[PDB]
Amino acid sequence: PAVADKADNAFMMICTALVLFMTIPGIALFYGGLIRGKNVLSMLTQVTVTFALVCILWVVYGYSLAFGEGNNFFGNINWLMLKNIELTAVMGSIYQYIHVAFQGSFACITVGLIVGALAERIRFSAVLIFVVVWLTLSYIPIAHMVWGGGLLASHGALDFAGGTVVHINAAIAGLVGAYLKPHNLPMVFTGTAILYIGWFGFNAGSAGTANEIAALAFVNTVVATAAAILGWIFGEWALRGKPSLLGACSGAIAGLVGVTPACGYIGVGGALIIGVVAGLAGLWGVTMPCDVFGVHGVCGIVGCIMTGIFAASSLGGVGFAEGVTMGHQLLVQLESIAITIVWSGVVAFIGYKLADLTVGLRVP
């Protein structure tokens, strides 16, 4: 019988708290300082209520459908309300309950990334309707595909902490939203700060254990965020003549997003190069609300492609799987992106249409 390691339990519970902290209040405060002042209270309210909702859907069927025995695309409905999960059931080296909470917390930040951006111009019941649809039909299957031993995992896709699952996923759902004035920067700074601190639970907890890989993912997190800040600020300086607080924060986020899939597979060299490239591509991206999805999306993609590179032992990475060339890993990452982009697309489109046809989309 697999036996739980209390060091890992402790690490994973604390990491889960940190990920929770990313949404409550990190992303809430982040947008809070960015959206028009008359909309903050309502936005803060829609994030909190949809967070609650995402927590509940998860314990009811979310976890089971994402992580239960299933097919290439979804699990089962045989862990409803966590039935048939023994309290002492182990998963990896931790109790399965901690796996339930940790993964659930990722589902939350994904949703809050979308709700925060779209709370301004969406009717409440519409967003609620949306959350249900998209969590169930996009976050869950994609989570199953990447981390639940579904299609993408069984093809060897390297995505440590959710470049596709959290980032590209939410970014698409958000931009379909868009398709269908910064008043408190200190508050934006604060939310960003909290996102960065939580993000350590996020990337490092993704090791499932307090080992050398969690150590690697942690260090790399520091490195990429730092690299991205400077790459962004230098870009901002070169373009605009000077850094701004918003540029600085945005850079942090570019690097964090960009390193998300890679943190556990790459060397600090890899971490730094990925940070710089993510900062600049982010900055390039916003140049070419809604912007957030250009950062998550662009930097999400850039990270996933570059994982397919810096995982190489050659470049200081942990190495690709046996018999996997860097060429092949690159095809694989590209295919995972293409799926994520397309899957989230159809589902969000469906999400908004159902809402639109049920309650109407734009605020009364």
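Residues carry their position along the shown sequence, with the first being 1.
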item	value
Chain break class for residue 288 to residue 289, judged by how many deposited residues have no coordinates	4 to 9
Extent of unmodelled deposited sequence, residue 181 relative to residue 180	10 or more
Higher-scoring stretch by recorded Cα B factor average, 262-270 or 67-75	67-75
Segment of higher mean CA temperature factor, 293-301 or 23-31	293-301
Out of 333, 313, 325, 45, residue topping the C-alpha B-factor column of the entry	313
Residue of maximum C-alpha B factor among 135, 168, 204, 219, per deposited coordinates	135
Record-listed C-alpha B factor of residue 236: chain third	lowest
Record-listed C-alpha B factor of residue 282: chain third	lowest
Ranked against its chain, the third holding the CA B-factor of residue 102	lowest
Where the record places residue 348 (Cα B-factor, split into thirds across the chain)	middle
Residue 355, C-alpha B-factor rank within chain (lowest, middle or highest third)	highest
